[PDB]
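Trainee: can you look at this? It's an experimental structure, sequence on top.
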Amino acid sequence: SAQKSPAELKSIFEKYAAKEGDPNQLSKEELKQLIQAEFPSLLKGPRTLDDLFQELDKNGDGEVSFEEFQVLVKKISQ
């Protein structure tokens, strides 16, 4: 919603990750889109669009795993 619920983000995340072979991560392209969807760079404070990606930039099939993504999630709602 205005604030993003864990279940909500989880559902969206699954929806995104399922676009790639492994429904467990989102590749750079997908993560970027997610960012755009949740808050299109209106980060008037925590300016990091990419620092957070890099800090979590794994690469199994896509990029950022659900495991790592949870750290991202924590900063969505604020």
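Mentor: Structure's in. What do you need? Numbering: from 1, shown residues only.

Trainee: give me the three-state assignment for residue 29.
Mentor: When classified by DSSP: H, G, I helix; E, B strand; the rest coil, residue 29 comes out as helix.

Trainee: pretty sure residue 2 sits in a strand.
Mentor: No: counting by three-state DSSP, residue 2 is not found in a strand; it is coil.

Trainee: begin at 12 from now on, thanks
Mentor: Right, with 12 as the first residue, what we last looked at is residue 13.

Trainee: any idea how many residues pack against it?
Mentor: For residue 13, the count of nearby residues is 4 (other CB atoms under 10 Å). Where C-beta positions appear, they are placed from N, C-alpha and C, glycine not excepted.

Trainee: I'd like the distance between it and residue 61.
Mentor: Distance, residue 13 to residue 61, by CB to CB, to the nearest Å: 25 Å.

Trainee: what ranges do the helices span in the chain?
Mentor: Ranges of helices within the chain are 17-28, 39-49, 62-66, 77-87, based on DSSP state H.

Trainee: tell me what angle the first one forms with helix 77-87.
Mentor: To tie it back to what came earlier, the one meant is helix 17-28. Note on geometry: by axes from the mean of the first three to the mean of the last three CA atoms, to 10 degrees, helix 17-28 and helix 77-87 are set 130 degrees apart in direction.

Trainee: residues contacting the spatially most central residue of the chain?
Mentor: Residue closest to the average C-alpha location in the chain (CA atoms, centre = their mean): residue 42, at 4.8 Å. Counting by CB atoms under 8 Å, 6 or more residues apart in numbering, residue 42 makes contact with 64, 74-75, 83.

Trainee: try 10 Å this time
Mentor: Residue 42 makes contact with 24, 27-28, 36, 61, 63-64, 67-68, 73-75, 80, 83, according to CB atoms under 10 Å, 6 or more residues apart in numbering.
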